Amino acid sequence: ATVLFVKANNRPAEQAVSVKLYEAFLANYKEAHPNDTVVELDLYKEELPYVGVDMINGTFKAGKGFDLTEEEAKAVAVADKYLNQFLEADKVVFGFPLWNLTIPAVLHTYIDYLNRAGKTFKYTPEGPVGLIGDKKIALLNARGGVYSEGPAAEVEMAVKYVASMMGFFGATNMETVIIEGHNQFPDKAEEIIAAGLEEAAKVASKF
């Protein structure tokens, strides 16, 4: 199988729990699957121009017989590169922190590139239908406070954002590994983090 790892954090593992989690899942995945093709995409090593008018118009027009501007075609070429790589993968693993309630803006731009009629969803008379139902997806997230319960739960917009968009694209039975609360309950941080790394190992073995 071809497996794409999308890394959305360039902090060192020693300082960033989401990075420690991503690296553990990655190492465990490779150990269990020596003959898979595993590809890492580090969003901080890429040039990710923000989506705006030229990308919106270019991706709408592409393939429909319209003229494109040079700038529209440049924008389409960027989105196509990421979109085609994502579509080629049999499994996709996203590793990201919660920062300021949500995902890193680098990952927000990457997911914007994935939204394309005819590629990740199609229109029907009954509404949009997702086209990635055959892809296995894992979401690996770390967050300092607890967001699964308590007063912050209603403003969690990191895992919720990625799961909502992947669900729209048609992904089902996504796996999620979440390490939360290590900043909020610092006395238990070591055990909270270790427990997440164990869970990552178990999920990666079956993924």
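Counting begins at 1, following the sequence as shown.
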Using only the Cα atoms and their B-factors as the entry lists them, report which of 97 to 105 and 126 to 134 averages higher.
126 to 134
If you average the Cα B factors in the entry, which is higher, 162 to 170 or 37 to 45?
37 to 45
Splitting the chain's C-alpha B-factors into thirds, which one does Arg143 fall into?
lowest
Ranked by Cα temperature factor within the chain, is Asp112 in the lowest third, the middle third or the highest third?
lowest
Going by the recorded CA B-factors, say which third of the chain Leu21 sits in, lowest, middle or highest.
lowest
For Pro151, the third of its chain by CA B-factor is the highest
When the modelled residues of the chain are sorted by Cα temperature factor, does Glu180 land in the lowest, middle or highest third?
lowest
